[PDB]
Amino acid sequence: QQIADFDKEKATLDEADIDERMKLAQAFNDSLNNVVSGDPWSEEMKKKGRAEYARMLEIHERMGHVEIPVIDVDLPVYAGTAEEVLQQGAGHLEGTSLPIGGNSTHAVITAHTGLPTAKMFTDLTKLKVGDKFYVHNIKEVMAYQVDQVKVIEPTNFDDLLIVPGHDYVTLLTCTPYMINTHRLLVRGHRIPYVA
């Protein structure tokens, strides 16, 4: 329904509408203030208001979905990382690039581990270097290949920032499983894709 709704509606968008929206998204990325908003699981971040910064990419509030076939994940992605968003799917980390790719871009997509009700990113620990994931947006599907998995403390954002000369997406969750004192970062680099 959620992902289904996005793909169906995506298919109905006029190409000129997509062109306008992508212009706005590109401009946002090109001028990005690349400073990580905060640790999504902190009280200050959980209680954040609605996020409006990605409206150009949104169909019914969803800016796309993240598909990880090897662990049977396909989650809608919403703007920001407020508690309500992470209850519903994945959240885009404000301060990171919008998920439209390009050289010198780094988008971070966040979701829970260990929610009793929905698996979300629980199986991120199963991912291996070389595994693929796919980021769907209003324009296209982008392929990424995992090249680095690491564990960090929650307020260390160094590995979440743009690396000049690379096109990265990092999938972010809490770790270890059922301990949650740290964060797991699964980073992929962009690879060619033809649907």
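Counting begins at 1, following the sequence as shown.
- Stretches 107-115 and 79-87 differ in mean C-alpha B factor, with the higher average recorded for 79-87.
- Taking the PDB entry as given, 116-124 carries the higher mean Cα B factor of the two stretches 116-124 and 67-75.
- Within the group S37, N137, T170, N29, the record's highest C-alpha temperature factor is found at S37.
- Taking the deposited Cα B-factors for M142, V149, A54, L160, the highest one is held by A54.
- Annotation for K23: C-alpha temperature factor in the middle third relative to the rest of the modelled chain, per the entry.
- Among all modelled residues in this chain, the alpha-carbon of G130 has a temperature factor (C-alpha) in the lowest third.
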